[PDB]
2 protein chains.
Amino acid sequence: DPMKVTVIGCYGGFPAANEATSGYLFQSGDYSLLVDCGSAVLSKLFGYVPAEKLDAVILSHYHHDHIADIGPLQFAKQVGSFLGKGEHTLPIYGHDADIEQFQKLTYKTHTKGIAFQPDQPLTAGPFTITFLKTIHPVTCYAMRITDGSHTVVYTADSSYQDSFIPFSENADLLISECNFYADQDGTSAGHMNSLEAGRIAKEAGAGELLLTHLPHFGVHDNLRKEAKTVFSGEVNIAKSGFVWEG
Amino acid sequence: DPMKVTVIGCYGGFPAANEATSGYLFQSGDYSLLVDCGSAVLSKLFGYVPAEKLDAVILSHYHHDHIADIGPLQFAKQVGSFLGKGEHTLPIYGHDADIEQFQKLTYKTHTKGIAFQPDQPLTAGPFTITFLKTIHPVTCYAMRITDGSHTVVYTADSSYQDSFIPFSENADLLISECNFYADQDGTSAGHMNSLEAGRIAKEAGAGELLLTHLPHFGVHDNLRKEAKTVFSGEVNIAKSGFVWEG
Ligand SMILES: [Ca+2]
Ligand SMILES: [Ca+2]
Ligand SMILES: [Ca+2]
Ligand SMILES: [Ca+2]
Ligand SMILES: [Zn+2]
Ligand SMILES: [Zn+2]
Ligand SMILES: [Zn+2]
Ligand SMILES: [Zn+2]
């Protein structure tokens, strides 16, 4: 089975009109993993995959734009059980440096929070996930997701660090946050710009680069042109429905 | 100015594919009030009204399907201020029987939680709102919203009670939850069926009835036919984009 990644939502902070914030659907064969679960992500997700066919969720961090739809997901599982659609508890993986946030992940027998350990590989069906702590105003982890043949790296949210380069080494697809333009400094907000995303893809030898966690001003296509001044491979701008498959 | 109500989202519990859960936009002249703020509501809302033009939010209760988008709304206000779009704090009205939930409404100088008092009229620009406690598994308040010429009643979530009849007396539009079909009993879930919604519209003399908080099974048009076996006025099924204006 090939690894198939579908962007479900891609705005930073809050949704643009009729769009969504962070959510990425990773699929392999019958396995479905949702990476982050932000604003309007469930609404958009169910157009690709029904709640009962979702096998697991994993959360990079607990900012609203990455977890806003967890509650509604818990209710979706509850309604599924009430309608007889399967009682399998959906695992929701998250870090437990923030205990109060982690405790919200477990809802009756419908969803079960499981703490990932940042120094250990996590198995999720046919995927193996490893983690890198980001530089961000709350605890946040980037993820490297492989199925043994292809490898996708998701930066989650971060300002720039050299450690992203070894972490992302030889990734087929680097999904990098890019909340700021080339002229701007995202350090104080815990975000990166186009040049920084480009630098990671370049020095890591990423197969290609996908820019996401997008801003609500400017010409988004400029983020791609700016990234291409540094990285010579393929660079795309994320949108709901964007599909990568290898 | 006429009172204009736009349904932003109308599913109970969690969103159907490409839809939304509870959110209703009430407008009068330049004033904009959002009643409830559930899953995918911000995404859909911004297609009608940008965040910075939103004057107030009011929350019937703190179930996920009515508040999931509050966090992202707080970030939208923060990004608005960072971009220079106005620093006016958006008031978010809610009950304070649940203190922990009420405390989440205030975020820096961007949003400010204000406790409504259920026994007192609330002024919201040109609207006056009065409240009725519902029968629901968490504290919840129905709302009667008038501008002095027209009056809309929103049941929020509730199982049936006689007190809805005097509360909704002579409303031009009764927006009633209707999470269950005529053959089913919604009492143990704190919800109503089609016959119960119909009964309220009938005995209150409502100008018309709008059924919302919809289920994820069955033929939704049957809810309208069932309600019409009791109420002889106009009955519609809610959908995102539904507009009532008087
Ligand atoms: Ca599955
Ligand atoms: Ca390509
Ligand atoms: Ca306004
Ligand atoms: Ca009509
Ligand atoms: Zn973020
Ligand atoms: Zn963040
Ligand atoms: Zn509800
Ligand atoms: Zn409720």
# chains A, B, ... in the order shown; residues from 1 in each chain; ligands from 1
>>> residues_around(residues="range 175-189 of chain A", least_positions_apart="6", cutoff="9 Å", atoms="only C-alpha atoms", output="ChimeraX atom specification")
/A:11-12,135-137,152-160,195-198,200-201,208-216,218,220,222-223,226-227,238
>>> write_last_selection(atoms="C-alpha atoms", output="PDB file, in the first residue's frame")
ATOM      1  CA  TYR A  11      -4.297  27.938   8.180  1.00  0.00           C
ATOM      2  CA  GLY A  12      -2.355  29.197  11.165  1.00  0.00           C
ATOM      3  CA  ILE A 135      10.925  26.017  19.756  1.00  0.00           C
ATOM      4  CA  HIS A 136       7.412  27.265  20.462  1.00  0.00           C
ATOM      5  CA  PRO A 137       5.606  29.145  23.246  1.00  0.00           C
ATOM      6  CA  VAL A 152       7.065  12.366   5.763  1.00  0.00           C
ATOM      7  CA  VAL A 153       8.295  15.024   8.204  1.00  0.00           C
ATOM      8  CA  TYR A 154       5.848  17.461   9.795  1.00  0.00           C
ATOM      9  CA  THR A 155       7.475  20.370  11.634  1.00  0.00           C
ATOM     10  CA  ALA A 156       4.339  21.169  13.606  1.00  0.00           C
ATOM     11  CA  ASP A 157       4.889  24.731  14.881  1.00  0.00           C
ATOM     12  CA  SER A 158       8.374  26.069  15.505  1.00  0.00           C
ATOM     13  CA  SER A 159      10.808  28.899  15.044  1.00  0.00           C
ATOM     14  CA  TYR A 160      13.978  27.858  13.248  1.00  0.00           C
ATOM     15  CA  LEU A 195      13.586  31.118   3.827  1.00  0.00           C
ATOM     16  CA  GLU A 196      13.775  28.960   6.960  1.00  0.00           C
ATOM     17  CA  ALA A 197      11.432  26.313   5.602  1.00  0.00           C
ATOM     18  CA  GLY A 198      13.558  26.345   2.426  1.00  0.00           C
ATOM     19  CA  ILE A 200      15.480  22.863   6.137  1.00  0.00           C
ATOM     20  CA  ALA A 201      14.354  21.200   2.909  1.00  0.00           C
ATOM     21  CA  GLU A 208       9.924  18.123  -1.773  1.00  0.00           C
ATOM     22  CA  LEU A 209       8.541  20.901   0.415  1.00  0.00           C
ATOM     23  CA  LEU A 210       4.940  21.762   1.400  1.00  0.00           C
ATOM     24  CA  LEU A 211       4.348  25.082   3.083  1.00  0.00           C
ATOM     25  CA  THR A 212       1.507  25.260   5.590  1.00  0.00           C
ATOM     26  CA  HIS A 213       0.191  27.023   8.747  1.00  0.00           C
ATOM     27  CA  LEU A 214      -0.441  29.921   6.429  1.00  0.00           C
ATOM     28  CA  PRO A 215      -0.870  33.628   7.277  1.00  0.00           C
ATOM     29  CA  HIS A 216      -4.012  35.731   6.752  1.00  0.00           C
ATOM     30  CA  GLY A 218      -0.057  38.824   1.676  1.00  0.00           C
ATOM     31  CA  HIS A 220       0.664  33.222  -0.500  1.00  0.00           C
ATOM     32  CA  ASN A 222       5.219  34.611  -2.700  1.00  0.00           C
ATOM     33  CA  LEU A 223       5.977  32.113   0.092  1.00  0.00           C
ATOM     34  CA  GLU A 226      10.805  32.921  -1.536  1.00  0.00           C
ATOM     35  CA  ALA A 227      11.347  29.304  -0.471  1.00  0.00           C
ATOM     36  CA  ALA A 238      -0.858  23.636   1.244  1.00  0.00           C
TER      37      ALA A 238
END
>>> select_by_dssp(residues="range 25-188 of chain A", states="strand (DSSP E or B)", output="VMD selection string")
chain A and resid 25 to 28 31 to 35 56 to 58 90 to 94 107 111 to 115 122 to 124 127 to 133 135 141 to 146 151 to 154 159 173 to 177 180
>>> interface_residues(of="chain B", to="chain A", cutoff="8 Å", atoms="only C-alpha atoms", output="mmCIF file with C-alpha atoms, in the first residue's frame")
data_model
loop_
_atom_site.group_PDB
_atom_site.id
_atom_site.type_symbol
_atom_site.label_atom_id
_atom_site.label_comp_id
_atom_site.auth_asym_id
_atom_site.auth_seq_id
_atom_site.Cartn_x
_atom_site.Cartn_y
_atom_site.Cartn_z
ATOM 1 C CA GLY B 13 -23.129 16.829 18.558
ATOM 2 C CA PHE B 14 -20.606 16.986 15.704
ATOM 3 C CA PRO B 15 -20.610 18.163 12.090
ATOM 4 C CA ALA B 16 -21.822 16.144 9.145
ATOM 5 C CA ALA B 17 -19.394 16.263 6.217
ATOM 6 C CA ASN B 18 -18.766 19.883 5.130
ATOM 7 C CA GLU B 19 -21.346 21.152 7.626
ATOM 8 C CA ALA B 20 -21.300 22.706 11.094
ATOM 9 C CA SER B 39 -17.605 23.038 15.267
ATOM 10 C CA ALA B 40 -16.719 24.656 11.897
ATOM 11 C CA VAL B 41 -18.815 27.691 12.834
ATOM 12 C CA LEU B 42 -15.965 30.187 12.493
ATOM 13 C CA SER B 43 -15.033 28.832 9.099
ATOM 14 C CA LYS B 44 -18.602 29.276 7.858
ATOM 15 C CA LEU B 45 -19.202 32.530 9.753
ATOM 16 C CA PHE B 46 -16.321 34.402 8.054
ATOM 17 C CA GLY B 47 -18.000 33.935 4.723
ATOM 18 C CA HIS B 64 -18.366 21.008 22.771
ATOM 19 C CA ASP B 65 -20.789 21.345 19.886
ATOM 20 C CA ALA B 68 -15.570 24.311 20.023
ATOM 21 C CA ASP B 69 -14.648 27.394 17.977
ATOM 22 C CA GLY B 71 -10.410 29.180 21.154
ATOM 23 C CA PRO B 72 -9.858 29.760 17.468
ATOM 24 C CA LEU B 73 -12.019 32.911 17.808
ATOM 25 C CA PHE B 75 -6.727 33.573 18.264
ATOM 26 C CA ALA B 76 -8.573 35.368 15.376
ATOM 27 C CA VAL B 79 -4.156 38.048 14.959
#
>>> atom_distance(atom1="CA of residue 126 in chain A", atom2="CA of residue 57 in chain A")
14.1 Å
>>> closest_residue(among="A:117, A:130, A:89, A:139", to="ligand 5", atoms="only C-alpha atoms and all ligand atoms")
A:139
>>> residues_near_ligand(ligand="ligand 1", cutoff="10 Å", atoms="only C-alpha atoms and all ligand atoms", output="list in words")
residues 27, 28, 29, 30, 31, 32, 33, 49, 50, 51, 52, 53, 54, 55, 56 and 125 of chain A
>>> write_last_selection(atoms="N, CA and C atoms", output="PDB file, in the first residue's frame")
ATOM      1  N   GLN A  27      -2.791   8.049   5.378  1.00  0.00           N
ATOM      2  CA  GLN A  27      -3.426   6.783   5.125  1.00  0.00           C
ATOM      3  C   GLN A  27      -2.472   5.776   4.587  1.00  0.00           C
ATOM      4  N   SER A  28      -2.677   4.535   5.010  1.00  0.00           N
ATOM      5  CA  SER A  28      -1.976   3.393   4.452  1.00  0.00           C
ATOM      6  C   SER A  28      -2.880   2.152   4.476  1.00  0.00           C
ATOM      7  N   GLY A  29      -3.238   1.658   3.291  1.00  0.00           N
ATOM      8  CA  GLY A  29      -4.168   0.544   3.179  1.00  0.00           C
ATOM      9  C   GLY A  29      -5.441   0.959   3.874  1.00  0.00           C
ATOM     10  N   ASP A  30      -5.945   0.141   4.805  1.00  0.00           N
ATOM     11  CA  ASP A  30      -7.160   0.495   5.598  1.00  0.00           C
ATOM     12  C   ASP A  30      -6.919   1.383   6.828  1.00  0.00           C
ATOM     13  N   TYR A  31      -5.655   1.674   7.129  1.00  0.00           N
ATOM     14  CA  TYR A  31      -5.314   2.502   8.281  1.00  0.00           C
ATOM     15  C   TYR A  31      -5.396   3.986   7.961  1.00  0.00           C
ATOM     16  N   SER A  32      -6.000   4.732   8.905  1.00  0.00           N
ATOM     17  CA  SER A  32      -6.194   6.158   8.838  1.00  0.00           C
ATOM     18  C   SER A  32      -5.736   6.840  10.116  1.00  0.00           C
ATOM     19  N   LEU A  33      -4.788   7.772   9.970  1.00  0.00           N
ATOM     20  CA  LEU A  33      -4.245   8.557  11.083  1.00  0.00           C
ATOM     21  C   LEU A  33      -4.471  10.045  10.845  1.00  0.00           C
ATOM     22  N   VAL A  49     -13.233  10.674   5.043  1.00  0.00           N
ATOM     23  CA  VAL A  49     -13.226   9.472   5.888  1.00  0.00           C
ATOM     24  C   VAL A  49     -14.207   9.659   7.046  1.00  0.00           C
ATOM     25  N   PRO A  50     -15.112   8.674   7.238  1.00  0.00           N
ATOM     26  CA  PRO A  50     -16.084   8.804   8.317  1.00  0.00           C
ATOM     27  C   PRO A  50     -15.408   8.529   9.632  1.00  0.00           C
ATOM     28  N   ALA A  51     -15.957   9.126  10.688  1.00  0.00           N
ATOM     29  CA  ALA A  51     -15.403   9.028  12.035  1.00  0.00           C
ATOM     30  C   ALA A  51     -15.072   7.605  12.458  1.00  0.00           C
ATOM     31  N   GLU A  52     -15.992   6.682  12.204  1.00  0.00           N
ATOM     32  CA  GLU A  52     -15.811   5.271  12.613  1.00  0.00           C
ATOM     33  C   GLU A  52     -14.655   4.524  11.879  1.00  0.00           C
ATOM     34  N   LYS A  53     -14.210   5.043  10.739  1.00  0.00           N
ATOM     35  CA  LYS A  53     -13.087   4.450  10.027  1.00  0.00           C
ATOM     36  C   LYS A  53     -11.754   5.115  10.388  1.00  0.00           C
ATOM     37  N   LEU A  54     -11.773   6.078  11.293  1.00  0.00           N
ATOM     38  CA  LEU A  54     -10.561   6.734  11.729  1.00  0.00           C
ATOM     39  C   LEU A  54      -9.893   5.862  12.803  1.00  0.00           C
ATOM     40  N   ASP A  55      -8.639   5.477  12.610  1.00  0.00           N
ATOM     41  CA  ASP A  55      -7.970   4.553  13.515  1.00  0.00           C
ATOM     42  C   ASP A  55      -7.229   5.234  14.655  1.00  0.00           C
ATOM     43  N   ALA A  56      -6.708   6.435  14.431  1.00  0.00           N
ATOM     44  CA  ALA A  56      -5.976   7.109  15.495  1.00  0.00           C
ATOM     45  C   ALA A  56      -5.808   8.563  15.164  1.00  0.00           C
ATOM     46  N   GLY A 125      -0.349   1.537  13.694  1.00  0.00           N
ATOM     47  CA  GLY A 125      -0.654   0.613  12.608  1.00  0.00           C
ATOM     48  C   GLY A 125       0.617   0.387  11.802  1.00  0.00           C
TER      49      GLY A 125
END
>>> atom_distance(atom1="CA of residue 98 in chain B", atom2="CA of residue 62 in chain A")
22.2 Å
>>> select_by_dssp(residues="range 13-209 of chain B", states="alpha helix (DSSP H)", output="number ranges by chain")
B: 41-45, 64-67, 70-82, 99-103, 164-167, 194-204
>>> residues_near_ligand(ligand="ligand 4", cutoff="12 Å", atoms="only C-alpha atoms and all ligand atoms", output="PyMOL selection string")
chain B and resi 172-173+207-210+233-237+242-246
>>> closest_residue(among="A:219, A:174, A:59, A:129", to="residue 96 in chain A", atoms="only C-alpha atoms")
A:59
>>> closest_residue(among="A:93, A:116, A:127, A:141", to="ligand 5", atoms="only C-alpha atoms and all ligand atoms")
A:141
>>> closest_residue(among="B:90, B:166, B:142, B:124", to="ligand 7", atoms="only C-alpha atoms and all ligand atoms")
B:142
>>> atom_distance(atom1="CA of residue 171 in chain B", atom2="CA of residue 205 in chain B")
7.4 Å
